[PDB]
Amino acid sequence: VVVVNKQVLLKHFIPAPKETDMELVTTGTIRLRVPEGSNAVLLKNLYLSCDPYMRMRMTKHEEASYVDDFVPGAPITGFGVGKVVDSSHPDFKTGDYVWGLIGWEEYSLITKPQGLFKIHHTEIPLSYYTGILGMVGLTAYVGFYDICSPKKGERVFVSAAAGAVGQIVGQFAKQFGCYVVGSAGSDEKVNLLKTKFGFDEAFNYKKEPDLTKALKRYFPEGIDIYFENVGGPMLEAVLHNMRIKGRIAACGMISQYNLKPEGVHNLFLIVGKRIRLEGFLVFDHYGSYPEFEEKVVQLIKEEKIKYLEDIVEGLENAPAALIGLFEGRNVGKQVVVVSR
């Protein structure tokens, strides 16, 4: 059996990204069997994740950064969920479902199957393994329980709080016993934070004249913990409102990914307030996954965590949905359905 395999390719390096910086192609095929003699796994790709860090990979870097750049002319890759068609690797059998880095394509031959995780709970919707039970959820789990060193009762702020990482941090934090406030870019998202996601309070950053004062309002006694997804002047504001011994988990600074650079002027406050500002990367924490899968599956089962996906249908729509990320167009975790 040789079948058609559509692909989305990076046309070329970027210096914001445009939908034209990628190209769907239909003039390609794959054999539905793993090469003889390999330790490899062939996946039918079911779901894709759009993640902001994918932007960086579309630019060429002289010195090595944290992930390999994309190769022009080759498919885009990123997190996704797949079904095992064929396998010459012992830990994976035909009919198993998995998640991990795969190609923006209908079918991927995974030469390094050590970096695929087997899906242990079929009871759960498979798309969850793009986000809440995939990379994004684990990011939240590490960022909050580990980097933020939280303590019950502490005052927690979360930027980009309706996003995939944000919405999870908030719920983790409320269930730990913290006061949790979120910021987002639309009243629809703010509504979701207060009504679906259980946030003690939230507000629209686009519709607040002074971020520093806005935060003073929700944190009269200042902020103990800032889960940082956005960066820029929102960080300055937070710094102004941080409490002695406050902690900032630097998850991302998405405001800067396509800009060029914006400056932070408050940093000296980190001294007077004895703040720990610490970045982290989820790739370093895959060891914590098994415990995390169990915690979060139970949380879902018990209806004690909520999760909103933004779903887009068809591989052809993946470039748009990725670009859309950066303009706030996603309402929840951006997933692309390749086949169901």
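Position 1 is the first residue in the sequence shown; the rest follow in order.
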Study note, to complete from the structure: Residues of the deposited chain absent from the coordinates between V71 and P72 total none
Study note, to complete from the structure: The stretch whose C-alpha atoms carry the larger average B-factor in the entry, 243-251 or 216-224, is 216-224
Practice item. Between 164-172 and 108-116, name whichever shows the higher mean Cα B factor according to the PDB entry. Key: 108-116
Revision key, fill the gap. For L235, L211, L126, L193, the deposited C-alpha B-factor is largest at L211
Study note, to complete from the structure: Residue set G272, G28, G279, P52, per-entry CA B-factor max assigned to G28
Review point. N204's Cα B-factor: lowest, middle or highest third of the chain?
Key: middle
**Study point:** Relative C-alpha B-factor of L315, binned into the chain's lowest, middle or highest third
**Key:** middle
Study note, to complete from the structure: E309: CA temperature factor from the record, placed by chain third, in the middle
Check your understanding: According to the PDB entry, is the CA B factor of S38 in the bottom, middle or top third of its chain, that is, lowest, middle or highest?
Key -> middle
Revision key, fill the gap. Chain-relative C-alpha B factor for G263 (record values, thirds): the highest
